[PDB]
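Next up is one chain by itself, shown in structure tokens, the form deposited in one PDB entry.
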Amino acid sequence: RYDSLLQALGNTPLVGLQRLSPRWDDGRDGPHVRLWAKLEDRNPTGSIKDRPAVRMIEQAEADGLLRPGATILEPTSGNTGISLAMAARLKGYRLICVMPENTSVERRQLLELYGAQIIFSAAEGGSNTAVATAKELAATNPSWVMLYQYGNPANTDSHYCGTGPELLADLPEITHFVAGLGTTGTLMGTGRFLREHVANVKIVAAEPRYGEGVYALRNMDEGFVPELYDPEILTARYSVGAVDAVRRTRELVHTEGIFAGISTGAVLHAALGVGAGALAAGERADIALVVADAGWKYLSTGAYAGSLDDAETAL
């Protein structure tokens, strides 16, 4: 029972993938290699971004940085914008998202529906300019505040305090944690928590390939490195092709009934490579991986529909 939708977030299920796992059962050919999917679409707006959105706002509040009716300014499109829009609306704040004018429409659709306003910054300026614009705009008014998910430790804290502890509790035998590398909040926070608490644990990134746009799934330009990022937290980072990400996304729903967004496809590709390695090594693995959101908002890319080739060109 929750007085507010804000509280109905986190404590997400960890689900075993009995069919997609390289080897679910221990046996004569060697120990189990299991995949466990953490379902972060079970959240207020359907993504993992509800965690850092809410914590960034509450931390801003505890720090005395917000006041009643304040306007939040964030250089984002996509899930974080949705998450902040919901949260801002429920706490009496306004939200303005800043994003490049050439940002994919699928990363925009629901924003005005949840109450947000959009500033469009110069397409050629890219990420760099959208961030600098939100930074400038925030300085116009004491009422206007930029949370900046790429550098706000409350992003990382949501995972250190939420995603991590839940994974420890549900999967004390964890050998690997795999997730997408975007703001880096999920891997930095969950990774730092698990590394402190689990002996020998590996932390593995998935990310897009350099040179592939996959625009409907990307918030930032290839070169940009979030200030949250700490290259010492990761054990490995793997680039995943669009064809492979889409293939795995279709595989997950077809085989395990879990309808996920495309980044989950990339994560699963990474987790399966990690898994094939343990299997060829004769080693036990229990690999937890993050389902960041559901496939719903990505249908209009055609990616779930026809051939893998067209899906690639659509991306």
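All residue numbers refer to positions in the sequence shown, first residue = 1. Take the two forms, superpose them, and find the largest set of C-alpha atoms that agree within 1.5 Å; that set is the rigid core.
What follows is about the form deposited in another entry, which we do not show.
Engineer: Please name the single residue among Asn79, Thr184, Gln149, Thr103 whose Cα shifts by at least 2 Å between this form and the one not shown after core superposition.
Structural biologist: Everything else stays below 2 Å; the exception is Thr103.
Engineer: Align on the rigid core first; then say whether the Cα of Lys135 has moved by at least 2 Å between this form and the one not shown.
Structural biologist: It does shift by 2 Å or more.
Engineer: Under a superposition restricted to the rigid core, does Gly125 display a Cα displacement of 2 angstroms or more between this form and the one not shown?
Structural biologist: Superposed on the core, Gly125 moves its C-alpha 2 Å or more between this form and the one not shown.
Engineer: Looking in the other entry, are the Cα atoms of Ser104 and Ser300 closer together or farther apart than here, the change being 3 Å or more?
Structural biologist: It is closer: in the other entry, the C-alpha atoms of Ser104 and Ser300 lie at least 3 Å nearer than they do here.
Engineer: Relative to what's shown here, the Cα pair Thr140 and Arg67 differs by 3 Å or more in the other entry. Does it come closer or drift farther?
Structural biologist: Distance between the C-alphas of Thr140 and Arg67: longer in the other entry, by 3 Å or more.
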